[PDB]
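Engineer:
There are 2 protein chains.
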Amino acid sequence: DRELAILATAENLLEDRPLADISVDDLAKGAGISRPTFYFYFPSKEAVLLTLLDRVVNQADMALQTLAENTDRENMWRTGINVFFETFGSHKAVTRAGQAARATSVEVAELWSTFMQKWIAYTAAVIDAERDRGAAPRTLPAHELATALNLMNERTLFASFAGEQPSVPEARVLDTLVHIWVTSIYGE
Amino acid sequence: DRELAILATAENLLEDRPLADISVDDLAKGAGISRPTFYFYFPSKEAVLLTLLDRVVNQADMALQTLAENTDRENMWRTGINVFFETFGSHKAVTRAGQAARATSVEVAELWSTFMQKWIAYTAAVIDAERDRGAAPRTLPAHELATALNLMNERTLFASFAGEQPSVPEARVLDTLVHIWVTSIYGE
Ligand SMILES: O=S(=O)(NCCC(F)(F)F)c1ccccc1
Ligand SMILES: O=S(=O)(NCCC(F)(F)F)c1ccccc1
């Protein structure tokens, strides 16, 4: 209600400047409420970012679950990486501010860490199933391969979304990651 | 002289706490000099970190040049990745503080960005030479493949050195990266 208005204002202002340059008064004004009324819904602007990040992370996670509960192996991995490309790619300002807040908020670091562990455990489970069915060779420990591939995707997606130098162009980043996943999972 | 003493004190204190919890007075005391004498050598504690990072980055870069100016393809890539594993792995506190300072220092962000561009251009040149000699297939654009692999290495090395959750164990991180480089460069 007022909560959704605060969250929407925060995501809007984060497209223009960092959390550090946004004040509680900014979030209040944008949401059409007073400062004290803002503090009824959130303890701080930092808690507003944590909620936005939590919604984006849960949206990716729910889309991955939907995929899992339902093509060739290259398209299977592409469809799964694409959940993260589209979800985070649709919320670049929250992605960029959320990643930066990992350095200064234990809650943001622990949220990111919890979901990364889940997504790595899922990637490793799929590699093991591919190994069990005889489609993938038993090369690296599946969990170690999964970890490296998930960290590559974290760094490479986020560098592309932020336009970092260096970065893969956003229009080339899906094909780039899929090639590296498929060759490293199926290759000897 | 006093400069090396300041740099050595800073690298020592960075093994115990972040730059934010180290004062100019701390660096002065450790180096056996006054605060005003410290400011003769460096404008700030931030400039001390930038110099330490610059020395570590140049040490990796010089070791890579030595390798380039001088085994099978898997060992060739392993020896090159190992420059970064050993160099950064030998200076974990400077690595960790330098990476964090990318968020708050334009000079640290631009130093890291300059060397990443150089190391990616070198990786792409080697992939192209492997493609020219008929040892690697023409799959992804070499520069885009190089970018993704260099970013994977940045994120995965630094997560392993910092003991992050998640991370590849430090004792498994070289073999993990080499497998992904070799399969993604030589694989179709
Ligand atoms: O590695 S993933 O593409 N996403 C995790 C990393 C990040 F969130 F993008 F940062 C991935 C994980 C699980 C299944 C398919 C793809
Ligand atoms: O990708 S690399 O291992 N190092 C760049 C990344 C970082 F510095 F480690 F962060 C690499 C680059 C060039 C040749 C061999 C290996």
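In order, the protein sequences belong to chains A and A'. A prime marks a further copy of an entry chain.
In case it helps, the authors' numbering puts the first sequence at residues 24 to 93, 97 to 214.
In case it helps, the authors' numbering puts the second sequence at residues 24 to 93, 97 to 214.
The beta-carbon is built from N, C-alpha and C at its ideal position, and this holds for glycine as well.
#1: Which residue from A:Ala28, A:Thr74, A:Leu73 puts its Cα closest to that of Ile56 (chain A)?
#2: Just confirm the distance between the C-beta atoms of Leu37 (chain A) and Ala155 (chain A), as a whole number of angstroms; I'd bet it's less than 8 Å.
#3: Taking C-beta pairs closer than 7 Å, name the residues in chain A that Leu177 (chain A') reaches, listed in chain order.
#4: For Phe111 (chain A'), count the other beta carbons within 10 Å of its own beta carbon; 16 or more makes it buried, fewer makes it exposed. Which is it?
#5: Any beta carbon of chain A' sitting closer than 8 Å to that of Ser139 (chain A)?
#6: Quick one, are the C-beta atoms of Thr105 (chain A') and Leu87 (chain A') less than 8 Å apart?
#7: Please confirm if the region 196-213 of chain A' is in contact with the region 166-185 of chain A', defined as three or more CB-CB distances below 8 Å between the two stretches.
#8: When the Cα atoms are used, what is the spatial distance from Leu42 (chain A) to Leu200 (chain A)?
#9: Rank A':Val47, A':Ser186, A':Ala54 by C-alpha distance to the C-alpha of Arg122 (chain A') and give the top, closest one.
#10: Around the C-beta of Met142 (chain A), are 16 or more other C-beta atoms found within 10 angstroms, so that it is buried, or is it exposed?
#11: Is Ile107 (chain A) near ligand 1, judged by its Cβ being under 7 Å from some heavy atom?
#12: Comparing C-alpha positions only, which one of A':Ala147, A':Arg25, A':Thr182 sits nearest to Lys52 (chain A')?
#13: If you drop the 5 nearest sequence neighbours on each side, which residues of the same chain put their C-beta closer than 8 Å to that of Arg164 (chain A)?
#14: Mind pulling the chain A residues with CB within less than 8 Å of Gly53 (chain A')?
#15: Among A:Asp39, A:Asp77, A:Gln191, which residue has its Cα nearest to the Cα of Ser139 (chain A')?
#16: Should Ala147 (chain A') and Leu75 (chain A') be called a contact, given that it needs their Cβ atoms to be closer than 8 Å?
Structural biologist: With the given structure in hand:
#1: Stepping through the first sequence from its first residue, residue 56 (chain A) is reached at position 33. Closest option to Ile56 (chain A), Cα to Cα, is A:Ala28.
#2: The residue you call residue 37 (chain A) lines up with position 14 of the first sequence. The residue you call residue 155 (chain A) lines up with position 129 of the first sequence. About 39 Å separates the beta carbon of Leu37 (chain A) from that of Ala155 (chain A), a gap too long to meet the 8 Å contact definition.
#3: Along the second sequence, read from residue 1 onward, the residue named residue 177 (chain A') stands at position 151. By Cβ distance, chain A contributes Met178, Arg181, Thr182, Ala185.
#4: Taking the second sequence and counting its residues from 1, one reaches residue 111 (chain A') at position 85. Label assigned to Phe111 (chain A'): buried.
#5: By 1-based counting over the first sequence, the position of residue 139 (chain A) is 113. Interface residue, yes.
#6: Position 79 of the second sequence holds residue 105 (chain A'). Position 64 of the second sequence holds residue 87 (chain A'). It is not a contact, given that the beta carbons lie outside the stated cut-off.
#7: yes
#8: Sequence index remark: in the first sequence, residue 42 (chain A) carries index 19 (1-based). Sequence index remark: in the first sequence, residue 200 (chain A) carries index 174 (1-based). Roughly 29 Å between the two C-alpha positions.
#9: On the second sequence, residue 122 (chain A') is found 96 positions in, with the first residue counted as 1. For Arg122 (chain A'), the closest C-alpha among the options A':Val47, A':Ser186, A':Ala54 is that of A':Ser186.
#10: Translated into the one-based positions of the first sequence, residue 142 (chain A) becomes position 116. So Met142 (chain A) counts as buried.
#11: Within the first sequence, residue 107 (chain A) is the residue found at index 81, counting from 1. For ligand 1, at least one heavy atom lies less than 7 Å from the Cβ of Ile107 (chain A).
#12: Counting from 1 along the second sequence, the entry for residue 52 (chain A') is found at position 29. Ranking the options by Cα distance to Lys52 (chain A'), first place goes to A':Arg25.
#13: One-based indexing of the first sequence puts residue 164 (chain A) at position 138. Result list for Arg164 (chain A): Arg157, in chain order.
#14: Indexing the second sequence from 1 puts residue 53 (chain A') at position 30. The contacting residues do not exist; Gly53 (chain A') stays about 25 Å from chain A at best.
#15: Locating residue 139 (chain A') in the second sequence gives position 113, where the first residue counts as 1. It is A:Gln191.
#16: As a first step, residue 147 (chain A') must be located in the second sequence, where it is residue number 121. As a first step, residue 75 (chain A') must be located in the second sequence, where it is residue number 52. No, the pair does not count as a contact, with Cβ atoms beyond the cut-off.
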